[PDB]
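Each value in this text was obtained by applying a stated rule to the coordinates, not by laboratory testing. Please note: Cβ atoms are built from the backbone with ideal geometry, for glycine as well, and neighbour counts cover all protein chains shown.
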Amino acid sequence: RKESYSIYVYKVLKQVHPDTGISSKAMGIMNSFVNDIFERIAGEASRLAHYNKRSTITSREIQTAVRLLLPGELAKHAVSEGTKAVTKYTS
Amino acid sequence: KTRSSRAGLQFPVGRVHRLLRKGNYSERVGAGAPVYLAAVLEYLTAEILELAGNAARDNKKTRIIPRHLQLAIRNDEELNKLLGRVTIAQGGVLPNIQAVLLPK
Amino acid sequence: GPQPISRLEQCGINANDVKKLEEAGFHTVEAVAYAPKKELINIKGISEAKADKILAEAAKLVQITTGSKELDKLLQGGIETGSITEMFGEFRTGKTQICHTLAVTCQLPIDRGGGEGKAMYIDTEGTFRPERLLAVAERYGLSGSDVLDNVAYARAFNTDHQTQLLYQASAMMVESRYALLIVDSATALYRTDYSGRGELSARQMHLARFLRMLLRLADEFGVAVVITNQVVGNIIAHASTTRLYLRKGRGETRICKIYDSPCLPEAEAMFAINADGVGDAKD
Amino acid sequence: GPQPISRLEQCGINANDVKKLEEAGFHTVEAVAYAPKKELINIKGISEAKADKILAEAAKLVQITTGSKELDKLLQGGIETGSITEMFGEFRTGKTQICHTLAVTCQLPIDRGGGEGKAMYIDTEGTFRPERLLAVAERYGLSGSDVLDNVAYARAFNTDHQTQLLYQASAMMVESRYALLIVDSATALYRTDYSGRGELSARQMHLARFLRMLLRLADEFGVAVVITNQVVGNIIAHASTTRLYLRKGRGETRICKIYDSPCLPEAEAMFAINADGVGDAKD
Amino acid sequence: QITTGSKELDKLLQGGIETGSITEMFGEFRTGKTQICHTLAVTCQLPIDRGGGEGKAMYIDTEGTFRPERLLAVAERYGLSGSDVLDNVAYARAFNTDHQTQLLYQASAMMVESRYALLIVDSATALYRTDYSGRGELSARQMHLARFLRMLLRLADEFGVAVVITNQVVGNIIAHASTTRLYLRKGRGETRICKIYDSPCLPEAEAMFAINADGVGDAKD
Amino acid sequence: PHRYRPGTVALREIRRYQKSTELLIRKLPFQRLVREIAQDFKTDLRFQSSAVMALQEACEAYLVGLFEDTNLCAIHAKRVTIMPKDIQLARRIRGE
Amino acid sequence: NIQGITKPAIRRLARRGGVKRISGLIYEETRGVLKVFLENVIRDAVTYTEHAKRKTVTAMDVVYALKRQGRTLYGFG
């Protein structure tokens, strides 16, 4: 139908602030945010793969794209989480 | 069993994978790529919601509104940098008056 | 011994980076040395190249009586110097009282079961009482003033301050012979400071570094490492050599139990908390 | 002793904030002192800055016979002053009756197994009987009127009122020597007031503060802390030093059992509830 | 002590209900709670020397089971005027929990004008389940029952009357609160098994009794 | 009678409107403007409600930001009053 | 219709922008600026609308126009 990240945003919200809710407008802004960052990272990864004549986007392209797009500490922590998640997933 | 559960995530690995496959980004997508991406998106979401929740609590509100998101983002140097050319609807602006405009 | 971080400056690390390491809380070449690259990089104003230069040049440069006889027998004579001993028990079981007593008994002669060294009390819970130290000192016939003189005291306000005081303790413990390092409510600040749930890994990392520093100081100075834990942890088990379970007997007399020790049996010994002292049980 | 919150006002806390603390139920510098920041912040009209100023300036400023011989022997002579003793048992086992008796026996001479102190009965269940106190007093040859004069009485209507009376008890227990503090159906108000399920953590927090105040008063005044629990809790176990299980024997004679005590064996002793008294079993 | 008129129960109760206190009988359906209430509504009027309280009775019904003819039968059993029993029983049906509590105010003012010894509330807990049947409304029935019970105890202590409430076993505060607890289970026919599961005066003990046309009366196999 | 000095109420308004988030242009004239402008690009157009609201949020955010930069230009010239030349400098440097 | 964007409205916008004092000539200038902005965005929005073969401008049309003009808007997806 019409997809959004709302339920996942809400689960995360419940993780960081168990007794906090969120308005409809604010949720719309969070959805806009997730889609925006998705597009930025996926697009950069696409270009990375193209520049290097590769037909596959792998976690390495995602990671490099993250390093290009995110500033400083955000980049380091994001890289850490992605790596951790892939490691937990693989086994 | 879901992929998100195996990855320790809340964000949807399967959906992210499908969106990668169908977004005309590349002919192929590795198995780890949507896991990594979903993890990154979840991290950033968590950071923003953490700060916004704080702002909501200062305002003695139990619900996060766009204003709290704007306050959280603009008061954080790196988030503000990341979202430098982004407008948050109904976000307003940070309170800020140039010192020269003040009395005395 | 220590290798104050000043010597790292002659290797050609710039002085600003040494100031950044001290701001972070690293005050010795020992401190920079036994850490991976990422610790120095996370510090403001430090790149990966400076961290590699620091690690390379750093690699170039680099039984105490409890005073309760029953507890001494339970421990086979008292705490082994050079190792961490954890006593986990309910609140008011006497962890703080035992710490205050040990802060003086450590200063006792070795022939009396002491270590003939000064004590260090790092408080996180406000329960530091110089008068309790004076009472224990006069009990065992030690100078109460010298106990406070053999106790350098600072209250750790947070986990970072709790770990940072060990760096000051590490540099300070070199100038005087110590036998005891006290961290009271050692786990309380990791719950009060890191109160969120996403920050649990952060408190675990900070606690891990704190524990490594405690073990390091124990092996360096031959001092006893005493930490008190409120149970409203199994991580300490591998780090702690002897786990003692403490529970209250009514009045001022406390029951001690061993609930894990790879060397000591699970067993119990009875002791009391007396105005002067932590002292044998007198039913 | 106590440090009435009035002295906090000279440190430069504004008087309105002290009134807000008293409205919250904090009446001593002791009360503000042993609490974290969040307790004062949750109070209406108190910011985090005022709470930090309060805590900082506060840190600158800051065997009783049961009259049943068999029970005394079970307890090794009677309740230890300075500690909380919990008796959990079915309803009508005599918890309230034992409380009424102790409210007088506490006033007995120490040579008779008393504490030579006044009693405090905080009732939550309506079972307070001045006539029972008069009967126990005449039984042991104590002035029944003085027992009521050595019992300051107020019925706690809720958990907040139950805890608030301890603050009044704490200030009042300073003016007269007490030996016994009675909280009857202590857990009943936490079930009747906090009857929802999402509010369980709230009753646990309020009960925790109440128990800490009870232990504080016991250590401060050397009084016995007696609470009665209806079992239609294990949290009290770490707080309570001696757990006594009470069950009824037919007529007015009650069976007492020890079901946990770190010091006393699990064992039983027989006693009775007599018009005059809680008194030895006479089969 | 108000005599039940069953010797086995009287011995079980050591002579009968204490006036001035609340007595709860929780038991299965058809165990005889209502029958015991009807009997007591008359025995209360018996002389104290006969085990009565020498007072009039109050029957507050919540379940429709009020039978003036049962009062007449109990009265003729014990040799009391059945008509005067109905004349010494002021009767009102509590229509809801609020009306059940509201009847106590009229009962409180009325109990001053005449000497009573017994107050009967039949299916006292039934209206808190039938009226408050939802789950979010549980606190409402518990808080209304709590106020109702405090009024009952006050009236019992004020008039020295017996307070009888009936509980169906298909609040936990009442166990310690009820002064005499009889556990009722059916023996087949009209003969009932009684057990004491709580009592402040009485032992935990059991006694066998029957429900007879005349009376609530001892089991006679 | 009381009168605030020039500037006091202005500052009060700054604090007031920087504190809040409500749209500052009236709905109906903005909508009218949007439809007028749209007509010179394509005939027969309709608008989703949220489309007009989107345009207004964007426009007001743009103007507020531009006024921030304009203010910086005025202050740069040791003034406290914004003038058209301030706006024009801001827009030139923005690349507009 | 541009005159419908009144002086007090422009003043409120300037206040949120931190402006304390305002020249009389600002208002007309602001209007011109606003018009240009609107025109550009709307021109793109309608283009999207026309590509989709619709007669109704959607919120998404506007969002895409804004995005492609480097003025990303959150909240209307």
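The set of residues in the stretch G:63-77 being more than 11 Å from chain B (Cβ to nearest Cβ) and either hydroxyl-bearing (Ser, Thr, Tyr) or under 23 Å from A:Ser23 (Cα atoms) (or both) consists of G:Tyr64 alone.
For the stretch G:24-39, the set of residues classified as in a helix (DSSP H, G or I) and either in contact with a helix residue (DSSP H, G or I) (Cβ under 6 Å, 6 or more places away or on another chain) or buried (at least 16 other Cβ atoms within 10 Å of the Cβ) (or both) consists of G:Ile26, G:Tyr27, G:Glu29, G:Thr30, G:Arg31, G:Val33, G:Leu34, G:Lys35, G:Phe37, G:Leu38, G:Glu39, listed by residue number.
Let's see how each residue does on (1) at the interface with chain F (Cβ under 8 Å from one of its Cβ atoms); (2) exposed (fewer than 15 other Cβ atoms within 10 Å of the Cβ); (3) at positive phi:
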| site | (1), (2), (3) |
| --- | --- |
| G:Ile2 | yes, no, no |
| G:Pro8 | no, yes, no |
| G:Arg15 | yes, no, no |
| G:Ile22 | yes, no, no |
| G:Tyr48 | no, no, no |
| G:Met60 | no, no, no |
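Yes or no: the stretch C:240-249 includes at least one residue that is buried (at least 21 other Cβ atoms within 10 Å of the Cβ) and farther than 30 Å from C:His161 by Cα. Yes, the stretch C:240-249 contains a residue that is buried (at least 21 other Cβ atoms within 10 Å of the Cβ) and farther than 30 Å from C:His161 by Cα.
Among the residues making up the stretch B:68-101, a single one is under 17 Å from G:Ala14 (Cβ atoms) and either basic (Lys, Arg) or more than 7 Å from every other protein chain (Cβ to nearest Cβ) (or both): B:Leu94. Looking at the structure I just gave you, is B:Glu50 assigned to a helix (DSSP H, G or I), of a type outside the set (A, V, I, L, M) and surrounded by fewer than 24 Cβ atoms within 10 Å (Cβ to Cβ)? Yes.
Just one of the listed residues (B:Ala38, B:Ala7, B:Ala33) is small (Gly, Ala, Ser), buried (at least 24 other Cβ atoms within 10 Å of the Cβ) and farther than 23 Å from C:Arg197 by Cβ, namely B:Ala33. Return yes when C:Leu133 is surrounded by 20 or more Cβ atoms within 10 Å (Cβ to Cβ) and either at positive phi or part of a helix (DSSP H, G or I) (or both) and no when it is not. Yes, satisfied. Here E:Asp84 fulfils each of the conditions (1) more than 24 Å from E:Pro200 (Cβ to Cβ); (2) touching a helix residue (DSSP H, G or I) at 6+ places or on another chain (Cβ under 7 Å) apart from (2). Identify the residue in the stretch C:136-148 that is in a helix (DSSP H, G or I) and over 18 Å from the mean Cα position of the chain (by Cα) and, among all such residues, is surrounded by the fewest Cβ atoms within 10 Å (Cβ to Cβ). Among residues in the stretch C:136-148 that are in a helix (DSSP H, G or I) and over 18 Å from the mean Cα position of the chain (by Cα), the one surrounded by the fewest Cβ atoms within 10 Å (Cβ to Cβ) is C:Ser145.
Condition test on A:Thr20, is it more than 15 Å from the chain's Cα centre (by Cα) and surrounded by 17 or more Cβ atoms within 10 Å (Cβ to Cβ)? Yes: the conditions hold for A:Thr20. Only residues that are surrounded by 22 or more Cβ atoms within 10 Å (Cβ to Cβ) and within 15 Å of E:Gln1 (Cα to Cα) were counted in the stretch E:38-55, giving 11.
Annotation note: of D:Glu57, D:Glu23, D:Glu39, the sole residue that is under 18 Å from D:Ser170 (Cα atoms), acidic (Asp, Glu) and not in a loop (DSSP other than H, G, I, E, B) is D:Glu23. With respect to the conditions (1) part of a helix (DSSP H, G or I); (2) surrounded by 18 or more Cβ atoms within 10 Å (Cβ to Cβ), C:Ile13 lacks only one, and its number is (1).
Let's see how each residue does on (1) at the interface with chain A (Cβ under 8 Å from one of its Cβ atoms); (2) within 23 Å of A:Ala26 (Cα to Cα):
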residue	(1), (2)
B:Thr2	no, no
B:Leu9	yes, yes
B:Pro12	yes, yes
B:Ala31	no, no
B:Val35	yes, no
B:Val40	yes, yes
B:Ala46	yes, yes
B:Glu50	yes, yes
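Inside the stretch E:104-126, residues that are part of a helix (DSSP H, G or I) and within 16 Å of the chain's Cα centre (by Cα) make up a count of 3. Being under 25 Å from A:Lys11 (Cβ atoms), of a type outside the set (A, V, I, L, M, F, W, C) and touching a strand residue (DSSP E or B) at 6+ places or on another chain (Cβ under 9 Å): is that true of A:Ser32 here? Here the answer is yes, as A:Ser32 does meet what is asked. What do you reckon, is F:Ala90 under 15 Å from the mean Cα position of the chain (by Cα), among the small types (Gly, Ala, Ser) and either buried (at least 17 other Cβ atoms within 10 Å of the Cβ) or facing chain G (nearest Cβ under 7 Å) (or both)? Yes: the conditions hold for F:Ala90. Could you tell me whether G:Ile42 is more than 7 Å from chain F (Cβ to nearest Cβ) and either in contact with a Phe, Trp or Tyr (Cβ under 8 Å, 6 or more places away or on another chain) or over 22 Å from B:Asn96 (Cβ atoms) (or both)? In short, no. Cβ separations smaller than 8 Å between residues 6+ apart or across chains give the following pairs from the stretch E:152-167 residues that are farther than 19 Å from E:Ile48 by Cβ to residues that are part of a strand (DSSP E or B) and among the polar types (S, T, N, Q): E:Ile165/E:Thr23. All conditions in (1) more than 8 Å from chain B (Cβ to nearest Cβ); (2) under 29 Å from G:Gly70 (Cβ atoms); (3) surrounded by 15 or more Cβ atoms within 10 Å (Cβ to Cβ) hold for A:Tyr10, with the sole exception of (2).
Looking only at residues of the stretch B:52-67 that are more than 7 Å from chain A (Cβ to nearest Cβ) and hydrophobic (A, V, I, L, M, F, W, C), we find that the one that is farthest from the chain's Cα centre (by Cα) is B:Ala55. Entry remark, the stretch E:84-125: residues being farther than 18 Å from E:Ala41 by Cβ and of a type in the set (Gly, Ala, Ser) number 2 in total.
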